[PDB]
>>> print(open('data09.cif').read())   # mmCIF, C-alpha atoms and all ligand atoms
data_run
loop_
_atom_site.group_PDB
_atom_site.id
_atom_site.type_symbol
_atom_site.label_atom_id
_atom_site.label_comp_id
_atom_site.auth_asym_id
_atom_site.auth_seq_id
_atom_site.Cartn_x
_atom_site.Cartn_y
_atom_site.Cartn_z
ATOM 1 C CA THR Y 5 102.068 13.845 -111.952
ATOM 2 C CA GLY Y 6 101.271 12.041 -108.627
ATOM 3 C CA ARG Y 7 100.666 8.638 -106.894
ATOM 4 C CA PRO Y 8 97.241 6.818 -107.305
ATOM 5 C CA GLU Y 9 96.398 6.676 -103.546
ATOM 6 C CA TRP Y 10 96.172 10.535 -103.667
ATOM 7 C CA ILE Y 11 92.371 10.380 -104.059
ATOM 8 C CA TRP Y 12 91.879 8.498 -100.732
ATOM 9 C CA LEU Y 13 94.283 10.881 -98.929
ATOM 10 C CA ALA Y 14 92.143 13.752 -100.336
ATOM 11 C CA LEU Y 15 88.813 12.147 -99.269
ATOM 12 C CA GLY Y 16 90.430 11.401 -95.803
ATOM 13 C CA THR Y 17 91.467 15.022 -95.399
ATOM 14 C CA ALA Y 18 87.932 16.275 -96.228
ATOM 15 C CA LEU Y 19 86.104 13.853 -93.871
ATOM 16 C CA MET Y 20 88.508 14.417 -90.920
ATOM 17 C CA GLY Y 21 88.253 18.217 -91.550
ATOM 18 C CA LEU Y 22 84.452 18.424 -91.648
ATOM 19 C CA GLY Y 23 84.180 16.098 -88.563
ATOM 20 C CA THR Y 24 86.649 18.370 -86.642
ATOM 21 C CA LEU Y 25 84.652 21.581 -87.592
ATOM 22 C CA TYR Y 26 81.345 19.983 -86.658
ATOM 23 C CA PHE Y 27 82.609 18.701 -83.237
ATOM 24 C CA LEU Y 28 84.179 22.126 -82.541
ATOM 25 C CA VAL Y 29 80.932 24.093 -83.267
ATOM 26 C CA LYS Y 30 78.779 21.718 -81.173
ATOM 27 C CA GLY Y 31 81.355 21.651 -78.355
ATOM 28 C CA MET Y 32 81.716 25.425 -77.969
ATOM 29 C CA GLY Y 33 77.908 25.658 -77.675
ATOM 30 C CA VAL Y 34 77.629 23.419 -74.521
ATOM 31 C CA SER Y 35 78.140 24.542 -70.874
ATOM 32 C CA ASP Y 36 78.189 21.271 -68.811
ATOM 33 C CA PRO Y 37 81.805 20.767 -67.486
ATOM 34 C CA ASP Y 38 81.830 16.941 -67.876
ATOM 35 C CA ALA Y 39 80.479 17.132 -71.497
ATOM 36 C CA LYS Y 40 83.078 19.725 -72.331
ATOM 37 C CA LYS Y 41 85.960 17.412 -71.343
ATOM 38 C CA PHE Y 42 84.573 14.773 -73.746
ATOM 39 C CA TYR Y 43 84.255 17.382 -76.470
ATOM 40 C CA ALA Y 44 87.799 18.616 -76.020
ATOM 41 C CA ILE Y 45 89.390 15.108 -76.196
ATOM 42 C CA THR Y 46 87.128 14.013 -79.069
ATOM 43 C CA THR Y 47 87.617 17.159 -81.256
ATOM 44 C CA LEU Y 48 91.432 16.820 -80.975
ATOM 45 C CA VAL Y 49 91.337 13.277 -82.399
ATOM 46 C CA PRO Y 50 90.183 14.125 -85.961
ATOM 47 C CA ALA Y 51 92.145 17.439 -85.793
ATOM 48 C CA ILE Y 52 95.447 15.542 -85.495
ATOM 49 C CA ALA Y 53 94.299 13.053 -88.212
ATOM 50 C CA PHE Y 54 93.411 15.991 -90.530
ATOM 51 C CA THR Y 55 96.906 17.438 -90.197
ATOM 52 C CA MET Y 56 98.640 14.087 -90.922
ATOM 53 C CA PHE Y 57 96.285 13.306 -93.894
ATOM 54 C CA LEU Y 58 96.974 16.801 -95.367
ATOM 55 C CA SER Y 59 100.800 16.296 -94.929
ATOM 56 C CA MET Y 60 100.717 12.962 -96.764
ATOM 57 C CA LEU Y 61 98.470 14.460 -99.542
ATOM 58 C CA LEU Y 62 101.118 17.161 -100.080
ATOM 59 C CA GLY Y 63 103.922 14.480 -100.274
ATOM 60 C CA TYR Y 64 105.321 14.384 -96.705
ATOM 61 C CA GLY Y 65 105.523 11.435 -94.274
ATOM 62 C CA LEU Y 66 106.786 8.994 -96.847
ATOM 63 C CA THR Y 67 110.075 7.018 -96.992
ATOM 64 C CA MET Y 68 111.599 4.073 -98.970
ATOM 65 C CA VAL Y 69 112.672 0.843 -97.125
ATOM 66 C CA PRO Y 70 114.731 -2.006 -98.786
ATOM 67 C CA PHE Y 71 113.351 -5.567 -98.084
ATOM 68 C CA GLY Y 72 112.603 -8.616 -100.162
ATOM 69 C CA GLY Y 73 115.067 -7.486 -102.896
ATOM 70 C CA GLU Y 74 113.400 -4.156 -103.725
ATOM 71 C CA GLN Y 75 112.765 -0.594 -102.640
ATOM 72 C CA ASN Y 76 109.287 -0.262 -100.966
ATOM 73 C CA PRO Y 77 107.250 2.880 -100.188
ATOM 74 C CA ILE Y 78 106.168 3.273 -96.485
ATOM 75 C CA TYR Y 79 103.995 6.058 -95.055
ATOM 76 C CA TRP Y 80 105.540 6.745 -91.564
ATOM 77 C CA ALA Y 81 103.363 9.812 -90.772
ATOM 78 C CA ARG Y 82 100.449 7.444 -90.185
ATOM 79 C CA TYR Y 83 102.316 6.271 -87.028
ATOM 80 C CA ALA Y 84 102.707 9.865 -85.841
ATOM 81 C CA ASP Y 85 98.873 10.255 -86.051
ATOM 82 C CA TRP Y 86 98.129 6.997 -84.258
ATOM 83 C CA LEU Y 87 100.805 7.576 -81.502
ATOM 84 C CA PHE Y 88 98.559 10.456 -80.157
ATOM 85 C CA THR Y 89 95.066 9.613 -81.389
ATOM 86 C CA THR Y 90 94.837 5.996 -80.137
ATOM 87 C CA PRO Y 91 95.470 6.887 -76.473
ATOM 88 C CA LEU Y 92 92.957 9.828 -76.684
ATOM 89 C CA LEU Y 93 90.312 7.306 -77.820
ATOM 90 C CA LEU Y 94 91.199 4.975 -74.903
ATOM 91 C CA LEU Y 95 90.962 7.958 -72.508
ATOM 92 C CA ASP Y 96 87.357 8.678 -73.740
ATOM 93 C CA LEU Y 97 86.455 5.062 -72.890
ATOM 94 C CA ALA Y 98 88.204 5.184 -69.503
ATOM 95 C CA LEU Y 99 86.439 8.402 -68.488
ATOM 96 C CA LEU Y 100 83.130 7.025 -69.486
ATOM 97 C CA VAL Y 101 83.469 3.978 -67.070
ATOM 98 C CA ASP Y 102 85.544 5.708 -64.304
ATOM 99 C CA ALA Y 103 88.550 3.411 -64.784
ATOM 100 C CA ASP Y 104 91.373 3.301 -62.147
ATOM 101 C CA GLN Y 105 94.451 5.541 -62.646
ATOM 102 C CA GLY Y 106 96.763 2.455 -62.682
ATOM 103 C CA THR Y 107 94.634 0.824 -65.437
ATOM 104 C CA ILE Y 108 94.882 3.924 -67.651
ATOM 105 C CA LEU Y 109 98.694 4.106 -67.273
ATOM 106 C CA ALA Y 110 98.946 0.433 -68.172
ATOM 107 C CA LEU Y 111 96.710 0.857 -71.259
ATOM 108 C CA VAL Y 112 98.528 3.975 -72.497
ATOM 109 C CA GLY Y 113 101.875 2.113 -71.985
ATOM 110 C CA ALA Y 114 100.622 -0.853 -73.948
ATOM 111 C CA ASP Y 115 99.359 1.499 -76.693
ATOM 112 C CA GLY Y 116 102.798 3.179 -76.958
ATOM 113 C CA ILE Y 117 104.461 -0.218 -77.320
ATOM 114 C CA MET Y 118 101.833 -1.203 -80.083
ATOM 115 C CA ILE Y 119 102.508 1.897 -82.183
ATOM 116 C CA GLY Y 120 106.314 2.041 -81.530
ATOM 117 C CA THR Y 121 106.898 -1.629 -82.379
ATOM 118 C CA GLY Y 122 104.515 -1.305 -85.422
ATOM 119 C CA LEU Y 123 106.711 1.576 -86.663
ATOM 120 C CA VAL Y 124 109.999 -0.299 -85.980
ATOM 121 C CA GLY Y 125 108.479 -3.239 -87.992
ATOM 122 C CA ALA Y 126 107.567 -0.918 -90.840
ATOM 123 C CA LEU Y 127 111.178 0.347 -91.051
ATOM 124 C CA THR Y 128 113.022 -3.027 -90.655
ATOM 125 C CA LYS Y 129 115.257 -4.185 -93.496
ATOM 126 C CA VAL Y 130 115.493 -7.993 -92.788
ATOM 127 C CA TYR Y 131 112.195 -9.354 -94.173
ATOM 128 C CA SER Y 132 111.530 -11.973 -91.559
ATOM 129 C CA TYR Y 133 112.246 -9.570 -88.611
ATOM 130 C CA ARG Y 134 109.513 -7.219 -89.895
ATOM 131 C CA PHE Y 135 107.081 -9.902 -88.777
ATOM 132 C CA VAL Y 136 108.700 -10.322 -85.305
ATOM 133 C CA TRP Y 137 107.940 -6.608 -84.602
ATOM 134 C CA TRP Y 138 104.428 -7.041 -86.094
ATOM 135 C CA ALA Y 139 103.780 -9.970 -83.715
ATOM 136 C CA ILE Y 140 104.935 -8.006 -80.625
ATOM 137 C CA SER Y 141 102.699 -5.119 -81.711
ATOM 138 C CA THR Y 142 99.674 -7.396 -82.220
ATOM 139 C CA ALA Y 143 100.271 -8.949 -78.671
ATOM 140 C CA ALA Y 144 100.205 -5.375 -77.171
ATOM 141 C CA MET Y 145 96.957 -4.738 -79.142
ATOM 142 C CA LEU Y 146 95.367 -7.876 -77.835
ATOM 143 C CA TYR Y 147 96.186 -6.938 -74.203
ATOM 144 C CA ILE Y 148 94.327 -3.606 -74.813
ATOM 145 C CA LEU Y 149 91.316 -5.331 -76.307
ATOM 146 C CA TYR Y 150 91.235 -7.876 -73.412
ATOM 147 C CA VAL Y 151 91.213 -5.091 -70.808
ATOM 148 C CA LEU Y 152 88.479 -3.138 -72.714
ATOM 149 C CA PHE Y 153 86.288 -6.294 -73.073
ATOM 150 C CA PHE Y 154 86.675 -7.888 -69.618
ATOM 151 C CA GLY Y 155 87.949 -5.044 -67.296
ATOM 152 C CA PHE Y 156 86.073 -1.993 -68.680
ATOM 153 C CA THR Y 157 82.702 -3.758 -69.132
ATOM 154 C CA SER Y 158 82.814 -4.840 -65.464
ATOM 155 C CA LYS Y 159 83.448 -1.194 -64.405
ATOM 156 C CA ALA Y 160 80.553 -0.102 -66.789
ATOM 157 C CA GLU Y 161 78.146 -2.382 -64.850
ATOM 158 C CA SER Y 162 78.436 -0.068 -61.811
ATOM 159 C CA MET Y 163 77.258 3.001 -63.868
ATOM 160 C CA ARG Y 164 73.718 3.924 -64.846
ATOM 161 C CA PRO Y 165 72.313 1.786 -67.681
ATOM 162 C CA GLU Y 166 72.335 4.546 -70.266
ATOM 163 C CA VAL Y 167 76.136 5.098 -69.639
ATOM 164 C CA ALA Y 168 76.749 1.325 -69.729
ATOM 165 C CA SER Y 169 74.866 0.972 -73.018
ATOM 166 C CA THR Y 170 76.746 3.885 -74.710
ATOM 167 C CA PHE Y 171 80.027 2.277 -73.512
ATOM 168 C CA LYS Y 172 79.020 -1.080 -74.996
ATOM 169 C CA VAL Y 173 78.347 0.393 -78.522
ATOM 170 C CA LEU Y 174 81.736 2.263 -78.442
ATOM 171 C CA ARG Y 175 83.488 -0.881 -77.133
ATOM 172 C CA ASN Y 176 81.991 -3.025 -79.894
ATOM 173 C CA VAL Y 177 82.928 -0.461 -82.587
ATOM 174 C CA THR Y 178 86.520 -0.343 -81.196
ATOM 175 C CA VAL Y 179 87.035 -4.159 -81.014
ATOM 176 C CA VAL Y 180 85.765 -4.679 -84.614
ATOM 177 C CA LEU Y 181 87.698 -1.813 -86.222
ATOM 178 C CA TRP Y 182 90.996 -2.166 -84.252
ATOM 179 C CA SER Y 183 91.150 -5.958 -84.886
ATOM 180 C CA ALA Y 184 91.279 -5.339 -88.673
ATOM 181 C CA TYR Y 185 94.489 -3.227 -88.593
ATOM 182 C CA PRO Y 186 96.991 -6.080 -88.066
ATOM 183 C CA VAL Y 187 95.402 -7.978 -90.991
ATOM 184 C CA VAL Y 188 95.648 -4.995 -93.416
ATOM 185 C CA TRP Y 189 99.340 -4.522 -92.400
ATOM 186 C CA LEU Y 190 100.161 -8.261 -92.803
ATOM 187 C CA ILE Y 191 98.716 -8.530 -96.361
ATOM 188 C CA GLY Y 192 99.508 -4.999 -97.671
ATOM 189 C CA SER Y 193 102.610 -3.046 -98.790
ATOM 190 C CA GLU Y 194 104.250 -3.201 -95.255
ATOM 191 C CA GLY Y 195 103.986 -6.984 -94.939
ATOM 192 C CA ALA Y 196 103.295 -9.582 -97.595
ATOM 193 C CA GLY Y 197 102.878 -7.167 -100.566
ATOM 194 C CA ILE Y 198 99.616 -8.783 -101.804
ATOM 195 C CA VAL Y 199 97.157 -5.836 -101.602
ATOM 196 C CA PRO Y 200 98.637 -2.791 -103.436
ATOM 197 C CA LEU Y 201 99.393 0.542 -101.779
ATOM 198 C CA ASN Y 202 96.331 2.346 -103.266
ATOM 199 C CA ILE Y 203 93.816 -0.199 -101.949
ATOM 200 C CA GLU Y 204 95.635 -0.410 -98.598
ATOM 201 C CA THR Y 205 95.336 3.449 -98.270
ATOM 202 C CA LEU Y 206 91.567 3.132 -99.044
ATOM 203 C CA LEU Y 207 91.208 0.494 -96.289
ATOM 204 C CA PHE Y 208 93.130 2.429 -93.602
ATOM 205 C CA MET Y 209 91.141 5.637 -94.517
ATOM 206 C CA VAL Y 210 87.776 3.859 -94.063
ATOM 207 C CA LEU Y 211 88.915 2.304 -90.772
ATOM 208 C CA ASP Y 212 90.367 5.645 -89.467
ATOM 209 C CA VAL Y 213 87.252 7.737 -90.415
ATOM 210 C CA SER Y 214 84.941 5.132 -88.806
ATOM 211 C CA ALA Y 215 87.158 4.852 -85.628
ATOM 212 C CA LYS Y 216 87.415 8.635 -85.106
ATOM 213 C CA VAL Y 217 84.459 10.483 -86.783
ATOM 214 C CA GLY Y 218 82.021 7.570 -86.399
ATOM 215 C CA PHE Y 219 83.046 6.858 -82.802
ATOM 216 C CA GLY Y 220 82.847 10.628 -82.167
ATOM 217 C CA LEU Y 221 79.333 11.047 -83.572
ATOM 218 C CA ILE Y 222 78.093 8.171 -81.391
ATOM 219 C CA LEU Y 223 79.733 9.449 -78.190
ATOM 220 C CA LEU Y 224 78.950 13.169 -78.586
ATOM 221 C CA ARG Y 225 75.262 12.721 -79.324
ATOM 222 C CA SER Y 226 74.729 10.493 -76.250
ATOM 223 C CA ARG Y 227 73.234 11.740 -72.962
ATOM 224 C CA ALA Y 228 76.044 9.654 -71.286
ATOM 225 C CA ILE Y 229 78.645 12.490 -71.473
ATOM 226 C CA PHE Y 230 76.540 14.930 -69.291
ATOM 227 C CA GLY Y 231 77.147 15.893 -65.667
HETATM 228 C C1 LIG B 301 100.186 -12.333 -82.319
HETATM 229 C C2 LIG B 301 101.424 -13.080 -81.845
HETATM 230 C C3 LIG B 301 101.438 -14.548 -82.294
HETATM 231 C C4 LIG B 301 102.639 -14.833 -83.176
HETATM 232 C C5 LIG B 301 103.831 -15.306 -82.350
HETATM 233 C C6 LIG B 301 104.462 -16.595 -82.833
HETATM 234 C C7 LIG B 301 103.663 -17.222 -83.953
HETATM 235 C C8 LIG B 301 104.362 -18.445 -84.476
HETATM 236 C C9 LIG B 301 105.443 -17.939 -85.380
HETATM 237 C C10 LIG B 301 106.594 -18.895 -85.396
HETATM 238 C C11 LIG B 301 106.839 -19.162 -86.840
HETATM 239 C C12 LIG B 301 108.273 -18.889 -87.144
HETATM 240 C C13 LIG B 301 109.094 -20.081 -86.724
HETATM 241 C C14 LIG B 301 109.639 -20.624 -88.004
HETATM 242 O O1 LIG B 301 108.826 -21.027 -88.810
HETATM 243 O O2 LIG B 301 111.068 -20.664 -88.309
HETATM 244 C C15 LIG B 301 112.036 -19.894 -87.563
HETATM 245 C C16 LIG B 301 112.241 -18.479 -88.156
HETATM 246 C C17 LIG B 301 113.424 -18.581 -89.125
HETATM 247 O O3 LIG B 301 113.814 -17.269 -89.560
HETATM 248 P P1 LIG B 301 115.334 -16.918 -89.981
HETATM 249 O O4 LIG B 301 115.838 -18.207 -90.623
HETATM 250 O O5 LIG B 301 115.337 -15.654 -90.833
HETATM 251 O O6 LIG B 301 116.119 -16.636 -88.548
HETATM 252 C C18 LIG B 301 115.505 -16.621 -87.228
HETATM 253 C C19 LIG B 301 116.450 -16.772 -86.017
HETATM 254 N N1 LIG B 301 116.523 -15.544 -85.190
HETATM 255 C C20 LIG B 301 115.185 -15.069 -84.738
HETATM 256 C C21 LIG B 301 117.366 -15.779 -84.005
HETATM 257 C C22 LIG B 301 117.225 -14.533 -85.988
HETATM 258 O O7 LIG B 301 112.454 -17.449 -87.139
HETATM 259 C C23 LIG B 301 112.246 -16.008 -87.420
HETATM 260 O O8 LIG B 301 113.021 -15.404 -88.140
HETATM 261 C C24 LIG B 301 111.170 -15.181 -86.735
HETATM 262 C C25 LIG B 301 109.868 -14.964 -87.493
HETATM 263 C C26 LIG B 301 108.691 -15.468 -86.660
HETATM 264 C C27 LIG B 301 107.978 -14.447 -85.786
HETATM 265 C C28 LIG B 301 106.853 -13.750 -86.532
HETATM 266 C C29 LIG B 301 105.860 -14.788 -86.926
HETATM 267 C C30 LIG B 301 105.472 -14.691 -88.369
HETATM 268 C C31 LIG B 301 104.061 -14.199 -88.272
HETATM 269 C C32 LIG B 301 103.371 -14.347 -89.584
HETATM 270 C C33 LIG B 301 104.185 -14.335 -90.850
HETATM 271 C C34 LIG B 301 103.224 -14.111 -92.002
HETATM 272 C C35 LIG B 301 103.633 -14.326 -93.452
HETATM 273 C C36 LIG B 301 102.630 -13.726 -94.454
HETATM 274 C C1 LIG B 302 92.477 6.431 -85.511
HETATM 275 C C2 LIG B 302 93.300 5.264 -85.633
HETATM 276 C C3 LIG B 302 93.031 4.103 -85.024
HETATM 277 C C4 LIG B 302 91.842 3.929 -84.095
HETATM 278 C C5 LIG B 302 94.107 3.171 -85.306
HETATM 279 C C6 LIG B 302 94.339 1.983 -84.757
HETATM 280 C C7 LIG B 302 95.572 1.341 -85.166
HETATM 281 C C8 LIG B 302 95.947 0.118 -84.687
HETATM 282 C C9 LIG B 302 95.072 -0.658 -83.703
HETATM 283 C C10 LIG B 302 97.201 -0.430 -85.227
HETATM 284 C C11 LIG B 302 97.624 -1.674 -84.942
HETATM 285 C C12 LIG B 302 98.849 -2.310 -85.472
HETATM 286 C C13 LIG B 302 99.104 -3.608 -85.161
HETATM 287 C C14 LIG B 302 98.195 -4.409 -84.274
HETATM 288 C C15 LIG B 302 100.324 -4.336 -85.634
HETATM 289 C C16 LIG B 302 101.060 -3.667 -86.797
HETATM 290 C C17 LIG B 302 100.908 -2.215 -87.063
HETATM 291 C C18 LIG B 302 99.916 -1.558 -86.218
HETATM 292 C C19 LIG B 302 100.215 -0.094 -85.867
HETATM 293 C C20 LIG B 302 99.068 -1.192 -87.495
#
>>> encode(input="data09.cif", output="structure tokens", more="lines below")
Ligand SMILES: CCCCCCCCCCCCCC(=O)OC[C@H](COP(=O)([O-])OCC[N+](C)(C)C)OC(=O)CCCCCCCCCCCCC
Ligand SMILES: *C/C=C(C)/C=C/C=C(C)/C=C/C1=C(C)CCCC1(C)C
Amino acid sequence: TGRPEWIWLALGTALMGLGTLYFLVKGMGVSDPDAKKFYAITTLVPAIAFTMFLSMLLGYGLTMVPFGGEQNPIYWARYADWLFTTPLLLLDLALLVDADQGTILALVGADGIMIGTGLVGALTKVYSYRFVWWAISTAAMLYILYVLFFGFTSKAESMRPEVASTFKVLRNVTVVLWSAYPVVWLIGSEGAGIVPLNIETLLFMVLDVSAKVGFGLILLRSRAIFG
């Protein structure tokens, strides 16, 4: 009966599910208050992803948008996942380096703009204006990456070296993974239409699992989260 990207939505669901269960069991077993905060934020991340992957697998979160002369499938539920999960990831990073309150507000604001303007782009009917929204979104993304690379690293230098070195691995993972998203959007079913929907779903699933479960495994096994 159903669409060919179903298999990657199914594999996504299973990996986000097992990662959530694993983080939950390890988290409930620790007593340190600082570690526990990291566990709570980091378990919630793949939990939200699991629910959105499951919804899309069962045929929700999907709409048709007319552009370029034809009717194009667009998965909007992805944006509902990212709207909450991307700022939770940034909060992990900010807590790890003791970032200022004003910095966090600015980053979460920027992140909201990135996801909101990405979604507006995805839903826009005049082909060339899709890319105006994409460009605004990518600018907001680049501001985030600049602040993580220059501002957060400088804050990390005032921490003990094992905290600084955990931050640097997470930072490097984040910059590499996050910088690929605007490229997948540009060339896939939301932008140019070159890479088909099934392969695009495969790419976003690998990126998402790496950015959430991978990131999580690295953070939650470090000594850096302990009080
Ligand atoms: C990360 C941020 C960096 C990117 C920022 C700028 C990059 C340089 C892009 C400029 C190229 C476009 C200029 C052009 O060349 O001509 C103008 C083009 C004609 O468009 P129009 O005749 O429909 O009316 C438009 C008139 N109006 C807007 C009032 C309705 O202005 C447009 O629309 C607007 C489309 C341009 C903005 C989005 C850039 C395209 C990005 C990549 C596209 C990739 C293709 C695979
Ligand atoms: C768990 C999900 C993660 C870590 C997702 C990150 C998603 C982005 C960095 C998305 C960025 C986008 C742009 C830069 C422009 C166009 C569309 C967006 C949402 C895909």
>>> residues_around(input="data09.cif", residues="residue 31 of chain Y", least_positions_apart="2", cutoff="10 Å", atoms="only C-alpha atoms", output="PyMOL selection string")
chain Y and resi 25-29+33-35+39-44+46-47+224
>>> atom_distance(input="data09.cif", atom1="atom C7 of ligand LIG 302 (chain B)", atom2="atom CA of residue 32 of chain Y")
28.7 Å
>>> residues_near_ligand(input="data09.cif", ligand="ligand LIG 302 (chain B)", cutoff="9 Å", atoms="only C-alpha atoms and all ligand atoms", output="PyMOL selection string")
chain Y and resi 49-50+53+82-83+85-87+89-91+93+115+118-123+125-126+135+137-146+178+181-190+194+208+211-216
>>> write_last_selection(input="data09.cif", atoms="C-alpha atoms", output="compact mmCIF listing (two decimals), in the frame of the given file")
# COMPACT_ATOMS: atom_id res chain seq x y z
CA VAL Y 49 91.34 13.28 -82.40
CA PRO Y 50 90.18 14.12 -85.96
CA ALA Y 53 94.30 13.05 -88.21
CA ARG Y 82 100.45 7.44 -90.18
CA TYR Y 83 102.32 6.27 -87.03
CA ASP Y 85 98.87 10.26 -86.05
CA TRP Y 86 98.13 7.00 -84.26
CA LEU Y 87 100.80 7.58 -81.50
CA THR Y 89 95.07 9.61 -81.39
CA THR Y 90 94.84 6.00 -80.14
CA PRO Y 91 95.47 6.89 -76.47
CA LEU Y 93 90.31 7.31 -77.82
CA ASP Y 115 99.36 1.50 -76.69
CA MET Y 118 101.83 -1.20 -80.08
CA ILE Y 119 102.51 1.90 -82.18
CA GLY Y 120 106.31 2.04 -81.53
CA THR Y 121 106.90 -1.63 -82.38
CA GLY Y 122 104.52 -1.30 -85.42
CA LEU Y 123 106.71 1.58 -86.66
CA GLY Y 125 108.48 -3.24 -87.99
CA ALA Y 126 107.57 -0.92 -90.84
CA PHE Y 135 107.08 -9.90 -88.78
CA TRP Y 137 107.94 -6.61 -84.60
CA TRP Y 138 104.43 -7.04 -86.09
CA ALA Y 139 103.78 -9.97 -83.72
CA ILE Y 140 104.94 -8.01 -80.62
CA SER Y 141 102.70 -5.12 -81.71
CA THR Y 142 99.67 -7.40 -82.22
CA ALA Y 143 100.27 -8.95 -78.67
CA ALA Y 144 100.20 -5.38 -77.17
CA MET Y 145 96.96 -4.74 -79.14
CA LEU Y 146 95.37 -7.88 -77.83
CA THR Y 178 86.52 -0.34 -81.20
CA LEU Y 181 87.70 -1.81 -86.22
CA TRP Y 182 91.00 -2.17 -84.25
CA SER Y 183 91.15 -5.96 -84.89
CA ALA Y 184 91.28 -5.34 -88.67
CA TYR Y 185 94.49 -3.23 -88.59
CA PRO Y 186 96.99 -6.08 -88.07
CA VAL Y 187 95.40 -7.98 -90.99
CA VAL Y 188 95.65 -5.00 -93.42
CA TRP Y 189 99.34 -4.52 -92.40
CA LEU Y 190 100.16 -8.26 -92.80
CA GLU Y 194 104.25 -3.20 -95.26
CA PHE Y 208 93.13 2.43 -93.60
CA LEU Y 211 88.92 2.30 -90.77
CA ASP Y 212 90.37 5.64 -89.47
CA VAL Y 213 87.25 7.74 -90.42
CA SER Y 214 84.94 5.13 -88.81
CA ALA Y 215 87.16 4.85 -85.63
CA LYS Y 216 87.42 8.64 -85.11
>>> atom_distance(input="data09.cif", atom1="atom CA of residue 23 of chain Y", atom2="atom CA of residue 218 of chain Y")
9.1 Å
>>> resolve_selection(input="data09.cif", expression="the PyMOL selection byres (((chain Y and resi 160-172) around 12) and not hetatm)", output="PyMOL selection string")
chain Y and resi 94+96-103+152-159+173-179+219-231
>>> atom_distance(input="data09.cif", atom1="atom CA of residue 7 of chain Y", atom2="atom CA of residue 74 of chain Y")
18.3 Å
>>> resolve_selection(input="data09.cif", expression="the PyMOL selection byres (((chain Y and resi 193) around 10) and not hetatm)", output="number ranges by chain")
Y: 76-79, 126, 188-192, 194-205
>>> closest_residue(input="data09.cif", among="Y:52, Y:127, Y:148, Y:81", to="residue 112 of chain Y", atoms="all atoms listed in the file")
Y:148
>>> closest_residue(input="data09.cif", among="Y:48, Y:136, Y:61, Y:206", to="ligand LIG 301 (chain B)", atoms="only C-alpha atoms and all ligand atoms")
Y:136
>>> closest_residue(input="data09.cif", among="Y:130, Y:207, Y:16, Y:151", to="ligand LIG 301 (chain B)", atoms="all atoms listed in the file")
Y:130
>>> build_atoms(input="data09.cif", residues="segment 58-69 of chain Y", atoms="N, CA and C atoms", output="compact mmCIF listing (two decimals), in the frame of the given file")
# COMPACT_ATOMS: atom_id res chain seq x y z
N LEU Y 58 96.56 15.66 -94.53
CA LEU Y 58 96.97 16.80 -95.37
C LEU Y 58 98.48 16.78 -95.75
N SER Y 59 99.35 16.45 -94.76
CA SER Y 59 100.80 16.30 -94.93
C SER Y 59 101.18 15.24 -95.94
N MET Y 60 100.53 14.08 -95.80
CA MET Y 60 100.72 12.96 -96.76
C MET Y 60 100.18 13.29 -98.19
N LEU Y 61 99.00 13.92 -98.26
CA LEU Y 61 98.47 14.46 -99.54
C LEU Y 61 99.46 15.36 -100.24
N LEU Y 62 100.16 16.22 -99.48
CA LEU Y 62 101.12 17.16 -100.08
C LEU Y 62 102.51 16.54 -100.28
N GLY Y 63 102.67 15.23 -100.02
CA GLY Y 63 103.92 14.48 -100.27
C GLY Y 63 104.91 14.40 -99.11
N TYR Y 64 104.46 14.63 -97.87
CA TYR Y 64 105.32 14.38 -96.70
C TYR Y 64 104.95 13.06 -96.02
N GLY Y 65 105.79 12.63 -95.08
CA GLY Y 65 105.52 11.44 -94.27
C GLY Y 65 105.78 10.13 -94.98
N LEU Y 66 106.61 10.18 -96.01
CA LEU Y 66 106.79 8.99 -96.85
C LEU Y 66 108.29 8.70 -96.99
N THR Y 67 108.68 7.43 -96.84
CA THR Y 67 110.08 7.02 -96.99
C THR Y 67 110.16 5.69 -97.76
N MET Y 68 111.36 5.33 -98.24
CA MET Y 68 111.60 4.07 -98.97
C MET Y 68 112.39 3.11 -98.02
N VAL Y 69 111.95 1.86 -97.92
CA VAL Y 69 112.67 0.84 -97.12
C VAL Y 69 113.04 -0.39 -98.01
